[PDB]
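Here's the structure, in structure tokens; my notes come after.
Each ligand, and each atom within it, is numbered from 1 in the order the structure gives. In what follows, every heavy atom counts, from backbone to side chain, and hydrogens, waters and symmetry copies are set aside. Per chain, numbering begins at 1; letters A, B, ... match sequence-line order.
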Amino acid sequence: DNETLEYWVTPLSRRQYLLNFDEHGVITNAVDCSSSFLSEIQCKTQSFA
Amino acid sequence: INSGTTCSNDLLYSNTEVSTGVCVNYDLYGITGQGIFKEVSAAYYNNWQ
Ligand SMILES: *[C@@H]1O[C@H](CO)[C@@H](O)[C@H](O)[C@H]1NC(C)=O
Ligand SMILES: *[C@@H]1O[C@H](CO)[C@@H](O)[C@H](O)[C@H]1NC(C)=O
């Protein structure tokens, strides 16, 4: 029936994110603060735009 | 500290009602402070929040 097994693994570390909570309290967006230049701007303004 | 359900019963008080509209001292399951309560219809609490 053309099925596949998949198990994707990545390592964890202690780091700072910026999270966006909507009206219902659900996390909708995140940015890792040390991954790019735009992410540095987004974390220094605490804004996704 | 000051949050949870592992409580010390050295000073024991009876449970009171959550009175709304007036300035009160509060001790809500460890959380202490002063303020004014207002009853609301909230739908953003899950079973673990
Ligand atoms: C599974 O993939 C093969 C490709 O060779 C195809 O011929 C077959 O019809 C597929 N079966 C199902 C159930 O999708
Ligand atoms: C102010 O006093 C009135 C009683 O005269 C009381 O009903 C009201 O709740 C009080 N307001 C506050 C904020 O405590």
*What are the atoms of ligand 2, with element, lying closer than 4.0 Å to any heavy atom of B:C23?*
14 (O)

When the side chains of residues 21-28 of chain B are checked against the rest of the protein, which donor-acceptor pairs come out under 3.5 Å, sequence neighbours left out?
{"residue": "B:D27", "atom": "OD1", "partner": "B:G30", "partner atom": "N", "Å": "3.4"}

*Just grab all the salt bridge (charged side-chain N to carboxylate O under 4.0 Å, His left out) pairs involving residues 10-37 of chain A, residues at least two apart or on different chains.*
A:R15-A:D32

*Decide whether an N or O pair under 3.5 Å exists between B:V22 and ligand 2.*
no

*asked:* Donor-acceptor check, side chain of A:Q42 to backbone of A:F48, threshold 3.5 angstrom: yes or no?
replied: yes

*Would a 4.5 Å heavy-atom cut-off, applied to side chains only, mark A:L19 and A:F21 as touching?*
yes

_Contacting atoms of ligand 2, where contact means under 4.0 angstrom from a heavy atom of B:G21_ = 9 (O), 12 (C), 13 (C), 14 (O)

*Do A:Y17 and A:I27 share a hydrophobic cluster, counting only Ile, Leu, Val, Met, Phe, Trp and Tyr and linking them when any side-chain heavy atoms are less than 4.5 Å apart?*
yes

*asked:* Rounded to the nearest 0.5 Å, what separates atom OG in A:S35 from atom CD in A:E40?
replied: 10.0 Å

_Residue by residue, ordered by chain and number, which ones reach under 4.0 Å of ligand 1 with a heavy atom?_
A:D1, A:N2

Please list, one pair per line, the donor and acceptor atoms closer than 3.5 Å that link side chains of residues 33-48 of chain B to other protein atoms, with sequence neighbours excluded.
{"residue": "B:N46", "atom": "ND2", "partner": "B:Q49", "partner atom": "OE1", "Å": "2.7"}

